[PDB]
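Rule-based calculations on the coordinates, nothing more; no lab input. We place every Cβ from the backbone using ideal geometry, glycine too, and count neighbours over all the protein chains shown.
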Amino acid sequence: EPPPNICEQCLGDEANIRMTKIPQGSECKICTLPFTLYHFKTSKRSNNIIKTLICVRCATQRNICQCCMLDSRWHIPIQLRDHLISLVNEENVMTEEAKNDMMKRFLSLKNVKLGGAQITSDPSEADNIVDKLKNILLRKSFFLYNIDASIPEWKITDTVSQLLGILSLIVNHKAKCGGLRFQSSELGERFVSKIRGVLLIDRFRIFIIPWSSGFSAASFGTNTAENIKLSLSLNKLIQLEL
Amino acid sequence: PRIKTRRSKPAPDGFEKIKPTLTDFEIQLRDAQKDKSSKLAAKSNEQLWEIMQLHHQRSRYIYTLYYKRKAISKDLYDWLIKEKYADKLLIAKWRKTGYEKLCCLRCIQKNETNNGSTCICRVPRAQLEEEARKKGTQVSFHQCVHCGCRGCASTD
Amino acid sequence: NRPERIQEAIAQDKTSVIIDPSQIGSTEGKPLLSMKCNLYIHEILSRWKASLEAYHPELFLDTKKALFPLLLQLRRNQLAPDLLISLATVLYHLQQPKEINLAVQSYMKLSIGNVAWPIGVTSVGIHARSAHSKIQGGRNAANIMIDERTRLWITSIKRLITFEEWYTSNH
Amino acid sequence: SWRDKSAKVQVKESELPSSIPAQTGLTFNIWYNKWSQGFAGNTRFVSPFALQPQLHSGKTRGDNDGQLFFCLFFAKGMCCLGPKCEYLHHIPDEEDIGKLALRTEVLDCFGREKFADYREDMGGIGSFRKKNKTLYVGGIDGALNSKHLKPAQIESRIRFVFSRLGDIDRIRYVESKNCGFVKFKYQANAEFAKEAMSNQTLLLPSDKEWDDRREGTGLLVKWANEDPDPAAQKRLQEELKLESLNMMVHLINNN
Amino acid sequence: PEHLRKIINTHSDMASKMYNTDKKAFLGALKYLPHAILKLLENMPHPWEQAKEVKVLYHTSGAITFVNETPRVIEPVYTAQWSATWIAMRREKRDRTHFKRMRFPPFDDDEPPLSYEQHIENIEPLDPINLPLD
Amino acid sequence: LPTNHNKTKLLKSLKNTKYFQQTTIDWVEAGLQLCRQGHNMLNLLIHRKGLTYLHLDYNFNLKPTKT
Ligand SMILES: [Zn+2]
Ligand SMILES: [Zn+2]
Ligand SMILES: [Zn+2]
Ligand SMILES: [Zn+2]
Ligand SMILES: [Zn+2]
Ligand SMILES: [Zn+2]
């Protein structure tokens, strides 16, 4: 009858926390075996009830807690800590998650710490991979050019909102082009005052155009074979700028 | 209430003077017994809170006429106790000190709560505002579960 | 009030009976086809008033009583689609000289038609299998004998078919 | 805005449709609340209720109670108790998802429980293993009531609809497969939009079929797979490595 | 009693999702159903009384309704009450020229069982089997 | 001989929870409610198994709707 893994973030900033154990509560959300489920409240007057959703063996197989489903030592997701261990050891340590029911039960009952659980288990190799991490970190409408595919729409909204004081937006990523739209007459005048000027989001340069046409998404292209062709022609137009 | 039988006595004098109030409570219970649409669960429990409110107000009315105003005699009050127009126990808790205003019998039992304490509606509203000020948030309690009373301690 | 409706609908009664076999399948002209199916039955009964003296003087009043719901339901487009289409098929095959047998064939696509198990044998034998429920019908695509009053005019249609046979025969 | 006003009664209690579904069988199974002895005709239907965010947002009891789980029937647009609902009746913004940072990889933003992996249909609540942000948007045929449109107009309609539901990373309608892939800034915005445009229509009130709106079967918003072209795998791997480098900095600052 | 009666009236639809755990309670209450039948048939109202207002436990979901109290009667009073009904039924078999036995079952199979508050609570009961005591 | 250490009963073990509640109703109302609740419980036992064609009548006659 092992006591649960619940880390310091799920329980919260209290010293006296009253949880409720139900023996054989529910099937765990990894292996669908029943287990003793502990549900509680972070405060006494919390509106959210927080319960363990995995069993103890599935918790210790991933070295994770049972409530917030992040690492016991680091409080981070399983996939990303496996990615960080792959960045350190040059070995693709991945968590082999099952998909068949019998495979889920089989993969939980065995005595092993799978995935990247063994590294963060003892604190010695934890701090070893931590200072290896330190060694790694020692080593009224407008048109928009020059939007590489790693530039989302929400960053294009956020930087234009930050340069102003706070309006919709339409970006064709397969055409690699952008557009902005609003209603206020003075807002376009203030957008001209706060500058084909350049938007600098993260040093990635986006050229602006006062677009007197009322663009729809059809103006960026009607099909996908038009989008890549217009993106190539507009990159050649950017080379004509340069 | 309880059905009128041969073994039940006729009412003592003065009962026909208070029949319109008890009859209003009776016809409101007749309306509130029928099932509504009642699809949700938060508004399924409210149509039990209406019946707990009607039973509380009927017993409060009989308590008010007997103990507070002294208009109903002991014979008529004992007849209204026999015919189950009002609980002995709710009126008895209203006789006690500290339980003068009270929601229902369920919300003073420490036997039914998971913590072994009374219900949250017995906490005063000022104490809930003090703990809301000490935590920083608002008062995170609005409506009690067993009965719909927002706050039913003897002060508030 | 009512006599102006008498004037208008008798002046419309005297204003075609040849059913176009394109207009039978033309579902958009359903009120016009229903009105033509009304008026050709009126023309049959007007002919059967004339030769009544030597052919069944007892059924003319019965057929007038029995077609009164069909005369009710044909003037203002009150029928079923397949029922009206099959009735128009009958009345188109009832205007041609040698198509009396095709008229009764169209009648037997009217009265029974597409639907298998018209009445329903309703759980014969001992065993009464689980599939044995779909071979009985009180509703849900059983027949078009779904009313006394409806079947009454359906019967009167073939009464007029038999009169049309006798009328084209002895003339 | 929505911080100023209170949330509205989107529907009365009597104005809800009954929980008994459309009859797809002979008799009603009152345990599973479904129909049996026959399966012909769709269980699925166009939802009668839409969201309408800017009208129906507002401040509920959930702001007073301090709870930050959103309302599944605000997103469907079918709450009876408007200003009294225990959950939140507004769009998930940045600060609310920021207060969801402790629990949004375990539960979703509605309090539902995230399961092991997806369904075989890839639609439902979601996983705690994929930080899933991209929503497959199919079912556009009956969502238009099988109306002939150009793909740019349909992409514009899907962009304008899912712009009401939070911050957008990236939308790409597929002309060859008649589906979109709506990716969001946060995971909770994707959850809220999946609940929001569940089985609604892309029909505008400016079109003639507005009376026959609820005839066919509406949208199909579901969780999407990875984007199997290697360019989006490249942008996925490099954005995941940049977020991992941020978490490198966090783990060094912690210990 | 109106709280119990409202719970039993709200469990006639039983089509929402909210009844799921309540429906679990119904399937759990069958293995406590027949005990309650004994608790009816012990507390069965005798012919000398009209209706016996009885204590009863009800589940919060209205799953099972256990009549709570046990019928205790004084032994000489019990045999005297039943002997009074014995002599009264002998008199009303002799002096009655035509005795009409009940129908069985008293209701149709298609008829739902009747609600107490809409058909029985507002009708006052009849006169029970009582011998005229001189 | 009855057991001597039977301090547990059935209803006395159900009063001590938060789910059952004490009240005083007519016997006829208690009987009509045990008929309604017994119909609901047997109907749900039938309907969980999927026996939706066994129309358990209100007089508790189990009859198959179809053959
Ligand atoms: Zn497990
Ligand atoms: Zn945790
Ligand atoms: Zn209270
Ligand atoms: Zn209370
Ligand atoms: Zn309380
Ligand atoms: Zn809500």
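Using only the alpha-carbon atoms of chain D, report the extent along each of the three principal axes, biggest first, to the nearest angstrom.
Principal-axis extents of chain D (Cα, largest first): 64, 48, 40 Å.
Once you list every other residue whose beta carbon is under 11 Å from the beta carbon of A:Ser231, what net charge do they have if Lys and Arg are +1 and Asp and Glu are -1?
+2
Using only the Cα atoms of chain E, what do you get for the radius of gyration and for Dmax, in Å?
Gyration radius and largest Cα-Cα distance of chain E: 19.3, 62 Å.
Assign unit charges at the C-beta atoms only (+1 for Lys and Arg, -1 for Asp and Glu), then state the dipole size of chain F relative to its Cα centre in Debye, rounded to the nearest 20.
360 debye
Given R₀ = 30 Å, FRET efficiency for A:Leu163-D:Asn64 by Cβ-Cβ distance, to 0.05?
Computed FRET efficiency for A:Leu163 and D:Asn64 comes out at 0.25.
Which of C:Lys36/C:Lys109; D:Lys133/D:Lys222; A:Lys229/D:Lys133 have a Cα-Cα distance over 18 Å?
Violating the 18 Å Cα-Cα cut-off are C:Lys36/C:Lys109; A:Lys229/D:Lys133.
Test of understanding: express the Cα radius of gyration of chain C as a ratio to 2.2 N^0.38 Å, with N the residue count.
Dividing the Cα Rg of chain C by 2.2 N^0.38 Å gives 1.19.
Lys/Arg Cβ at +1, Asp/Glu Cβ at -1, dipole of the protein assembly as shown taken about the Cα centre: which of E:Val77, B:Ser73, D:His56 is farthest positive-ward?
E:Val77
With helices defined as uninterrupted DSSP H runs, which ones in chain D have an alpha carbon span along their own long axis of at least 24 Å and mean Kyte-Doolittle hydropathy of at least -0.5?
The qualifying helices are D:230-254.
Could you state the orientation-averaged shadow area of the convex hull built on the Cα atoms of the protein assembly as shown, in nm² to one decimal?
If you wrap the Cα atoms of the protein assembly as shown in a convex hull and average its projections, you get 69.6 nm².
Give me the one-decimal nm value for the distance between modelled label points at D:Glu175 and F:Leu1, 7 Å along each residue's Cα-to-Cβ direction.
Calculated label separation equals 9.4 nm.
For the stretch A:1-106, just say rounded, prolate or oblate: build the C-alpha gyration tensor, square-root its eigenvalues into a ≥ b ≥ c, call rounded for a/c under 1.5, and beyond that prolate if a/b exceeds b/c, oblate if not.
oblate
Using only alpha carbons, build the gyration tensor for chain F and give me the equivalent ellipsoid semi-axes, biggest first, whole Å.
Whole-Å semi-axes of the equivalent ellipsoid: 33, 17, 13.
Once the Cα atoms of helix E:20-29 and of chain E are each reduced to a long axis, what angle between those two axes, in degrees from 0 to 90 to the nearest 10, is obtained?
Helix E:20-29 sits at roughly 40 degrees to that axis.
Through the Karplus equation 6.51 cos²θ - 1.76 cosθ + 1.60, θ set to phi - 60°, convert the phi angles of the stretch A:221-232 into ³J(HN,Hα) values in whole Hz; use x for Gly and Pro.
x, 9, 9, 7, 6, 7, 6, 5, 5, 5, 5, 5
In debye, nearest 20, what is the charge dipole magnitude of the stretch A:172-242 about its Cα centre with +1 on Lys and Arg Cβ and -1 on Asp and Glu Cβ, if you could check?
Rounded to the nearest 20 debye, it is 200 debye.
Can you give the alpha-carbon Rg of the stretch D:31-102 over 2.2 N^0.38 Å, where N counts its residues?
The value comes to 1.47.
So what's the angle, to the nearest 10 degrees on a 0 to 90 scale, between helix B:15-33 and the longest Cα principal axis of chain B?
The helix B:15-33 is inclined about 50 degrees to chain B.
How big is the charge dipole of chain B about its Cα centre, in debye rounded to the nearest 20, if each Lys and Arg gets +1 on its Cβ and each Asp and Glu gets -1 on its Cβ?
That gives chain B a dipole magnitude of about 380 debye.
Restricting to the stretch D:94-217, what percent of DSSP beta bridges are antiparallel, rounded to 5?
90 percent
Restricted to Cα positions, what overall size does chain A have along the principal axes? Three whole-Å values, descending.
Ordered largest first, chain A gives principal extents of 72, 46, 39 Å.
Which Cα, out of C:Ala50, C:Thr155, C:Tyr167, lies furthest along the positive dipole direction of chain C (beta carbon charges, K/R +1, D/E -1)?
So the residue we want is C:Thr155.
First obtain the Kirkwood hydrodynamic radius of the stretch D:1-152 from its Cα pairs, then insert it into the Stokes-Einstein equation at 20 °C and 1.002 mPa s, and state the resulting D in µm² per second as a whole number.
So the translational diffusion coefficient is about 117 µm²/s.
Which of C:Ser34, C:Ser51 comes first, and how do the rest follow, when ranked by fewest Cβ neighbours within 10 Å?
Listing C:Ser34, C:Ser51 from fewest to most nearby Cβ atoms yields C:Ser51, C:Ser34.
Helix F:27-49 versus the longest principal axis of chain F: what is the Cα-based angle in degrees, 0 to 90, to the nearest 10?
The answer is roughly 60 degrees.
Among A:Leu169, A:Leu138, F:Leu1, what is the fewest-to-most ranking by other Cβ atoms within 10 Å?
F:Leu1, A:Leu138, A:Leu169
Taking the Cβ of A:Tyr38 as the centre, find all other residues whose Cβ is under 10 Å away and add up their charges (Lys, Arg: +1; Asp, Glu: -1).
+2
Residues with amide H under 5 Å of E:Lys55's amide H, sequence separation 5 or more or different chain, H placed in the peptide plane at 1.01 Å from N; which?
Amide H neighbours of E:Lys55: E:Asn68, E:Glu69.
Hey, if you drop one equal point scatterer on each alpha-carbon of chain B and run the Debye formula without solvent, what base-10 log of I(q)/I(0) do you get at q = 0.18 Å⁻¹?
-1.18
So what's the net charge close to E:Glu2: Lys and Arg +1, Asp and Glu -1, counting the other residues with Cβ under 14 Å from its Cβ?
So the environment of E:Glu2 carries a net charge of -2.
Choose one of A:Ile54, C:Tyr92, C:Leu39: the residue whose Cα lies farthest towards the positive end of the charge dipole of the protein assembly as shown (beta-carbon charges +1 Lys, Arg; -1 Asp, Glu; about the Cα centre).
Selected residue: A:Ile54.
Could you tell me which trypsin sites (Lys or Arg not before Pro) in the stretch F:1-63 are loop residues by DSSP with no more than 13 other beta carbons within 10 angstrom of their beta carbon?
The qualifying sites are F:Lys7, F:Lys9, F:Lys18.
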